[PDB]
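Chemist: One structure, pasted below without further comment.
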Amino acid sequence: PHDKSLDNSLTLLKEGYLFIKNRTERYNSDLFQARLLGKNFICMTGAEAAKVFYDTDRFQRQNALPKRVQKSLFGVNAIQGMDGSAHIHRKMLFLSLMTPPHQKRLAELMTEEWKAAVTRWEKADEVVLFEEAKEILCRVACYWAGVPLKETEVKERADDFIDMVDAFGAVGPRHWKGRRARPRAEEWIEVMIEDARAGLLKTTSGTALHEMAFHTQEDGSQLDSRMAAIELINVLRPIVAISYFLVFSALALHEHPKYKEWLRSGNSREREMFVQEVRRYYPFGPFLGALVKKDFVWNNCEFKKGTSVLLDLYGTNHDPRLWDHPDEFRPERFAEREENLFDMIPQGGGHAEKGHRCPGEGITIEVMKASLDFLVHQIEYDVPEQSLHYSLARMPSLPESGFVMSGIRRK
Ligand code: HEM
């Protein structure tokens with residue numbers, strides 16, 4: 001199939017997470033050609049594609065996504081555009097800081113933070129879950145990475161991280177908010193990187209600030225103070241991004257009352273399942289980009305070298321070939337499902353040790369289960385009349401009212 005139009009890019013902006021889905025349905029196929037971002041593309045959807053997309057003997061990420069995304073979300077020349085053993089080397093670094101012990105540590109700081117906020121929320125009129133999340137995560141993330149953060153600095157930093165996430169799929173004021181935030185974080189963090197290297201800021205072995213400051217590339221030399229910031233930022237920023245998911249976690253519990261007592265009567269497993277369903281059902285990761293390395297043939301289609309390709313993450317997550325009533329929130333669909341690396345890919349697919357799959361899936365899940373465990377057991381509240389609606393054309397997406405809470409009371 002081939003969309004011959006000459007503005008798919010503007011269209012993509014109007015449809016968002018449904019852009020690829022809208023055409024893999026129309027053209028009745030798992031992939032289609034289009035003209036996106038100045039280049040010739042091939043958008044594909046589905047787990048079988050994911051399997052091919054993550055085949056690095058066929059796909060490279062270098063030169064894949066536009067600079068505007070680097071200049072607002074990832075940073076210029078960060079791990080995201082890396083390929084080969086160079087990428088697997090920088091990648092083992094992120095993993096070392098995202099292991100079960102850490103996850104455990106992070107969910108733990110959040111738990112007390114959550115419990116501590118209650119005394120404050122019980123006195124407020126309202127509370128905007130998205131705003132409470134932004135701060136706490138930011139304050140915790142730093143603490144955990146060993147990055148210093150003054151109380152009167154949390155908001156600004158918490159906000160700068162988010163302006164970066166909220167810019168990747170936008171044009172105009174929204175894009176710029178992040179084209180300006182980025183330069184402020186890098187600056188801020190590149191200083192600590194330099195201070196660490198001077199033994200002027202205390203750093204503790206095994207924490208992101210330490211490991212980034214002292215990492216060693218294959219050639220044996222260390223990262224430019226600037227790149228180490230960007231890389232430490234690609235740890236801090238993502239954790240603050242868990243704000244979205246957390247707002248969705250609450251939102252589901254509201255729109256799906258029945259699942260409340262379900263969780264409350266259950267254990268960690270009921271949570272684990274309610275979380276995994278939030279990561280699958282709700283929009284966040286739009287898709288991914290890559291360049292075809294060698295000319296190959298798959299699904300009767302010819303992929304020419306240098307052709308650009310988008311992997312629909314949202315669509316693979318809602319494809320009936322892999323899920324019953326994919327557009328239904330059903331925590332149970334996860335009871336007994338064997339673990340897989342391509343059926344569900346909300347934070348990427350395949351191996352994290354062999355590819356670009358998010359290495360923060362553990363932390364994201366662990367942090368989310370905690371957040372939920374709190375909303376369900378520690379407090380009781382009211383969801384006052386508001387705008388919970390969330391668009392699928394806007395990327396990223398979020399319940400308009402940031403999810404307002406009221407009459408919060410200890411449980
Ligand atoms: C809050 C929700 C999160 C979402 C939806 C998310 C989503 C994703 C996606 C879709 C990718 C790309 C996969 C690919 O390119 O093939 C990725 C990469 C990555 N994520 Fe996340 N992420 C999240 C949380 C986290 C957390 C909290 C951390 C840090 C602890 C983190 C660290 C990273 C890193 C550094 C990479 C780049 C890996 C590479 O390029 O090889 N993330 N993530």
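Letters A, B, ... mark the chains of the structure tokens in the order given; residue numbers begin at 1 per chain; ligand numbers begin at 1, in order shown.
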Find the residues near residue A:110: any atom within 10 Å, counting only C-alpha atoms, skip ones fewer than 6 places away on the same chain, and give them as an mmCIF file with N, CA and C atoms, in the first residue's frame.
Modeler:
data_model
loop_
_atom_site.group_PDB
_atom_site.id
_atom_site.type_symbol
_atom_site.label_atom_id
_atom_site.label_comp_id
_atom_site.auth_asym_id
_atom_site.auth_seq_id
_atom_site.Cartn_x
_atom_site.Cartn_y
_atom_site.Cartn_z
ATOM 1 N N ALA A 116 3.470 10.724 53.535
ATOM 2 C CA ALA A 116 3.789 12.018 54.136
ATOM 3 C C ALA A 116 2.937 13.160 53.583
ATOM 4 N N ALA A 133 2.468 14.545 41.751
ATOM 5 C CA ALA A 133 3.328 13.487 41.228
ATOM 6 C C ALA A 133 4.631 14.056 40.696
ATOM 7 N N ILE A 136 6.947 15.191 43.804
ATOM 8 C CA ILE A 136 7.442 14.030 44.535
ATOM 9 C C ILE A 136 8.440 13.217 43.727
ATOM 10 N N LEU A 137 8.066 12.824 42.511
ATOM 11 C CA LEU A 137 8.968 12.031 41.680
ATOM 12 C C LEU A 137 10.286 12.745 41.493
ATOM 13 N N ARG A 139 11.677 15.107 43.337
ATOM 14 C CA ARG A 139 12.392 15.216 44.602
ATOM 15 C C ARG A 139 13.043 13.866 44.972
ATOM 16 N N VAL A 140 12.310 12.782 44.710
ATOM 17 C CA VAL A 140 12.766 11.430 44.998
ATOM 18 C C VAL A 140 13.828 10.988 44.015
ATOM 19 N N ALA A 141 13.529 11.149 42.734
ATOM 20 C CA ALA A 141 14.466 10.772 41.690
ATOM 21 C C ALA A 141 15.841 11.364 42.015
ATOM 22 N N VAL A 367 7.304 1.476 40.768
ATOM 23 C CA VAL A 367 6.858 2.777 41.259
ATOM 24 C C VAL A 367 5.338 2.912 41.148
ATOM 25 N N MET A 368 4.780 2.419 40.044
ATOM 26 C CA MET A 368 3.334 2.483 39.816
ATOM 27 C C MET A 368 2.537 1.626 40.789
ATOM 28 N N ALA A 370 3.309 0.872 43.760
ATOM 29 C CA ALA A 370 3.347 1.567 45.027
ATOM 30 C C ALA A 370 2.329 2.694 45.002
ATOM 31 N N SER A 371 2.445 3.575 44.015
ATOM 32 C CA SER A 371 1.526 4.698 43.896
ATOM 33 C C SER A 371 0.083 4.222 44.058
ATOM 34 N N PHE A 374 -1.054 2.913 47.390
ATOM 35 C CA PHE A 374 -1.325 4.076 48.250
ATOM 36 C C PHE A 374 -2.736 4.645 48.021
#
Chemist: Give me the residues of chain A that have any atom at most 6 Å from an atom of ligand 1; for each, the nearest atom pair and the distance in Å, rounded to one decimal. Use only C-alpha atoms and all ligand atoms, sort by chain and number, and format it as JSON lines.
Modeler:
{"residue": "A:79", "atom": "CA", "partner": "ligand 1", "partner_atom_place_in_ligand_line": "40 (O)", "distance": 5.1}
{"residue": "A:80", "atom": "CA", "partner": "ligand 1", "partner_atom_place_in_ligand_line": "40 (O)", "distance": 3.8}
{"residue": "A:91", "atom": "CA", "partner": "ligand 1", "partner_atom_place_in_ligand_line": "41 (O)", "distance": 5.7}
{"residue": "A:98", "atom": "CA", "partner": "ligand 1", "partner_atom_place_in_ligand_line": "30 (C)", "distance": 5.8}
{"residue": "A:234", "atom": "CA", "partner": "ligand 1", "partner_atom_place_in_ligand_line": "35 (C)", "distance": 5.1}
{"residue": "A:235", "atom": "CA", "partner": "ligand 1", "partner_atom_place_in_ligand_line": "29 (C)", "distance": 4.3}
{"residue": "A:238", "atom": "CA", "partner": "ligand 1", "partner_atom_place_in_ligand_line": "26 (C)", "distance": 4.4}
{"residue": "A:239", "atom": "CA", "partner": "ligand 1", "partner_atom_place_in_ligand_line": "27 (C)", "distance": 3.6}
{"residue": "A:241", "atom": "CA", "partner": "ligand 1", "partner_atom_place_in_ligand_line": "1 (C)", "distance": 4.4}
{"residue": "A:242", "atom": "CA", "partner": "ligand 1", "partner_atom_place_in_ligand_line": "1 (C)", "distance": 3.5}
{"residue": "A:284", "atom": "CA", "partner": "ligand 1", "partner_atom_place_in_ligand_line": "5 (C)", "distance": 5.6}
{"residue": "A:285", "atom": "CA", "partner": "ligand 1", "partner_atom_place_in_ligand_line": "10 (C)", "distance": 5.0}
{"residue": "A:288", "atom": "CA", "partner": "ligand 1", "partner_atom_place_in_ligand_line": "15 (O)", "distance": 5.8}
{"residue": "A:346", "atom": "CA", "partner": "ligand 1", "partner_atom_place_in_ligand_line": "10 (C)", "distance": 5.9}
{"residue": "A:347", "atom": "CA", "partner": "ligand 1", "partner_atom_place_in_ligand_line": "10 (C)", "distance": 3.7}
{"residue": "A:348", "atom": "CA", "partner": "ligand 1", "partner_atom_place_in_ligand_line": "13 (C)", "distance": 3.9}
{"residue": "A:355", "atom": "CA", "partner": "ligand 1", "partner_atom_place_in_ligand_line": "41 (O)", "distance": 5.8}
{"residue": "A:356", "atom": "CA", "partner": "ligand 1", "partner_atom_place_in_ligand_line": "41 (O)", "distance": 3.2}
{"residue": "A:357", "atom": "CA", "partner": "ligand 1", "partner_atom_place_in_ligand_line": "13 (C)", "distance": 4.2}
{"residue": "A:358", "atom": "CA", "partner": "ligand 1", "partner_atom_place_in_ligand_line": "18 (C)", "distance": 3.6}
{"residue": "A:359", "atom": "CA", "partner": "ligand 1", "partner_atom_place_in_ligand_line": "33 (C)", "distance": 5.3}
{"residue": "A:360", "atom": "CA", "partner": "ligand 1", "partner_atom_place_in_ligand_line": "28 (C)", "distance": 3.8}
{"residue": "A:363", "atom": "CA", "partner": "ligand 1", "partner_atom_place_in_ligand_line": "27 (C)", "distance": 5.7}
{"residue": "A:364", "atom": "CA", "partner": "ligand 1", "partner_atom_place_in_ligand_line": "27 (C)", "distance": 5.2}
Chemist: Rounded to one decimal place, report the atom CA of residue A:229-atom CA of residue A:37 distance in Å.
Modeler: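 Between atom CA of residue A:229 and atom CA of residue A:37 the gap is 28.5 Å.
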Chemist: So how many Å separate atom CA of residue A:40 and atom CA of residue A:74, to one decimal?
Modeler: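 Answer for the atom CA of residue A:40 to atom CA of residue A:74 separation: 23.2 Å.
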Chemist: Which residues, written as a PyMOL selection string, have at least one atom at most 8 Å from residue A:3, with only C-alpha atoms counted and residues fewer than 2 positions away on the same chain left out?
Modeler: chain A and resi 1+5+32-35
Chemist: Could you turn the residues from that selection into a file that holds N, CA and C atoms, as a short mmCIF file (atom, residue, chain, number, x, y, z; two decimals), in the first residue's frame?
Modeler:
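So out_20.cif came out as:
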data_model
loop_
_atom_site.label_atom_id
_atom_site.label_comp_id
_atom_site.auth_asym_id
_atom_site.auth_seq_id
_atom_site.Cartn_x
_atom_site.Cartn_y
_atom_site.Cartn_z
N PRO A 1 0.86 -1.21 0.00
CA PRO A 1 0.00 0.00 0.00
C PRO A 1 0.88 1.24 0.00
N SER A 5 -0.26 11.02 -0.54
CA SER A 5 -0.46 12.40 -0.08
C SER A 5 0.86 13.14 0.16
N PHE A 32 2.49 0.36 5.66
CA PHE A 32 2.14 1.22 4.53
C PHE A 32 3.21 2.30 4.35
N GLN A 33 3.41 2.74 3.11
CA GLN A 33 4.38 3.78 2.81
C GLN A 33 3.77 5.17 2.87
N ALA A 34 4.55 6.13 3.34
CA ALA A 34 4.08 7.50 3.41
C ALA A 34 5.25 8.45 3.33
N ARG A 35 4.93 9.73 3.29
CA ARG A 35 5.92 10.78 3.22
C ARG A 35 5.82 11.51 4.54
#
Chemist: List as CSV every residue of stretch 61-147 of chain A that is in contact with stretch 185-192 of chain A, defined as an atom at most 12 Å from one of its atoms (using only C-alpha atoms), together with the nearest atom pair and the distance in Å rounded to one decimal, sorted by chain and then rising number.
Modeler:
residue,atom,partner,partner_atom,distance
A:71,CA,A:186,CA,11.1
A:72,CA,A:185,CA,11.0
A:73,CA,A:185,CA,11.4
A:74,CA,A:186,CA,11.1
A:75,CA,A:186,CA,8.7
A:76,CA,A:186,CA,10.8
A:142,CA,A:189,CA,10.9
A:145,CA,A:189,CA,11.6
A:146,CA,A:192,CA,10.2
A:147,CA,A:192,CA,7.8
Chemist: Near residue A:61, within 8 Å and counting only C-alpha atoms, which residues show up once chain neighbours fewer than 3 positions away are dropped, as a PDB file with C-alpha atoms, in the first residue's frame?
Modeler:
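Okay, this is what ended up in around37.pdb:
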ATOM      1  CA  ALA A  64      16.432   7.776  12.607  1.00  0.00           C
ATOM      2  CA  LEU A  65      14.453  10.456  14.486  1.00  0.00           C
ATOM      3  CA  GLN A  80      18.915   6.818  21.731  1.00  0.00           C
ATOM      4  CA  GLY A  81      20.752   7.354  18.443  1.00  0.00           C
ATOM      5  CA  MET A  82      23.486   4.832  19.184  1.00  0.00           C
ATOM      6  CA  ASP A  83      24.048   1.490  17.413  1.00  0.00           C
ATOM      7  CA  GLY A 289      11.830   5.336  14.509  1.00  0.00           C
ATOM      8  CA  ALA A 290      14.598   3.492  12.686  1.00  0.00           C
ATOM      9  CA  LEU A 291      16.582   3.258   9.436  1.00  0.00           C
TER      10      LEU A 291
END
Chemist: Fewer than 3 positions away in the same chain doesn't count, so skip those; otherwise give me all residues within 12 Å of residue A:204, counting only C-alpha atoms, as number ranges by chain.
Modeler: A: 143-147, 196, 199, 201, 207-214
Chemist: What's the 9 Å shell around residue A:237, counting only C-alpha atoms, without same-chain residues fewer than 5 positions away, as a PyMOL selection string?
Modeler: chain A and resi 73+138+141+158+160-162+164-165+232
Chemist: Counting only C-alpha atoms, which residues of stretch 256-288 of chain A sit at most 12 Å from some atom of stretch 377-384 of chain A, and what is each one's closest atom pair with its distance in Å to one decimal, listed by chain and rising residue number, as a Markdown table?
Modeler:
| residue | atom | partner | partner_atom | distance |
| --- | --- | --- | --- | --- |
| A:257 | CA | A:383 | CA | 11.9 |
| A:260 | CA | A:377 | CA | 10.0 |
| A:261 | CA | A:377 | CA | 10.2 |
| A:263 | CA | A:377 | CA | 9.6 |
| A:264 | CA | A:377 | CA | 7.1 |
| A:265 | CA | A:377 | CA | 10.4 |
| A:266 | CA | A:377 | CA | 11.6 |
| A:267 | CA | A:377 | CA | 11.7 |
| A:271 | CA | A:377 | CA | 11.9 |
Chemist: Once you have the residues from the selection above, write them out as a CSV table (one decimal), in the first residue's frame, restricted to C-alpha atoms.
Modeler:
chain,number,residue,atom,x,y,z
A,257,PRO,CA,-15.1,1.3,40.2
A,260,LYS,CA,-11.2,-1.0,43.5
A,261,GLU,CA,-12.4,-3.6,46.0
A,263,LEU,CA,-7.4,-4.8,44.3
A,264,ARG,CA,-8.2,-4.1,47.9
A,265,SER,CA,-9.1,-7.7,48.5
A,266,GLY,CA,-6.2,-9.0,46.5
A,267,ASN,CA,-2.4,-8.9,46.8
A,271,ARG,CA,-1.9,-4.7,41.6
Chemist: List every residue of stretch 293-377 of chain A that DSSP, applied to the backbone, labels as helix (DSSP H, G or I), and write the result as a ChimeraX atom specification.
Modeler: /A:313-317,331-334,361-377
Chemist: Can you write out the residues you just picked, keeping C-alpha atoms, as a PDB file, in the first residue's frame?
Modeler:
ATOM      1  CA  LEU A 313       3.489   1.191  19.783  1.00  0.00           C
ATOM      2  CA  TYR A 314      -0.051   2.210  20.613  1.00  0.00           C
ATOM      3  CA  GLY A 315      -1.537   0.015  17.923  1.00  0.00           C
ATOM      4  CA  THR A 316       0.454  -3.097  18.753  1.00  0.00           C
ATOM      5  CA  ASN A 317      -0.876  -2.624  22.283  1.00  0.00           C
ATOM      6  CA  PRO A 331      -6.712  -6.112  34.532  1.00  0.00           C
ATOM      7  CA  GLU A 332      -7.570  -9.823  34.425  1.00  0.00           C
ATOM      8  CA  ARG A 333      -6.345 -10.378  30.856  1.00  0.00           C
ATOM      9  CA  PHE A 334      -2.989 -10.551  32.599  1.00  0.00           C
ATOM     10  CA  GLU A 361      10.272  -0.812  32.878  1.00  0.00           C
ATOM     11  CA  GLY A 362      11.058  -2.301  36.308  1.00  0.00           C
ATOM     12  CA  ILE A 363      11.178   1.036  38.068  1.00  0.00           C
ATOM     13  CA  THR A 364       8.058   2.201  36.198  1.00  0.00           C
ATOM     14  CA  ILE A 365       6.088  -0.863  37.245  1.00  0.00           C
ATOM     15  CA  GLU A 366       7.443  -0.970  40.757  1.00  0.00           C
ATOM     16  CA  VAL A 367       6.858   2.777  41.259  1.00  0.00           C
ATOM     17  CA  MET A 368       3.334   2.483  39.816  1.00  0.00           C
ATOM     18  CA  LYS A 369       2.300  -0.446  42.018  1.00  0.00           C
ATOM     19  CA  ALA A 370       3.347   1.567  45.027  1.00  0.00           C
ATOM     20  CA  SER A 371       1.526   4.698  43.896  1.00  0.00           C
ATOM     21  CA  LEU A 372      -1.609   2.560  43.385  1.00  0.00           C
ATOM     22  CA  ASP A 373      -1.198   0.630  46.607  1.00  0.00           C
ATOM     23  CA  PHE A 374      -1.325   4.076  48.250  1.00  0.00           C
ATOM     24  CA  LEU A 375      -4.383   5.422  46.408  1.00  0.00           C
ATOM     25  CA  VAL A 376      -6.196   2.231  47.377  1.00  0.00           C
ATOM     26  CA  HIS A 377      -5.257   1.627  51.011  1.00  0.00           C
TER      27      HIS A 377
END
Chemist: May I ask for the distance between atom CA of residue A:131 and atom CA of residue A:403, given in Å to one decimal place?
Modeler: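 Calculated distance between atom CA of residue A:131 and atom CA of residue A:403 is 9.2 Å.
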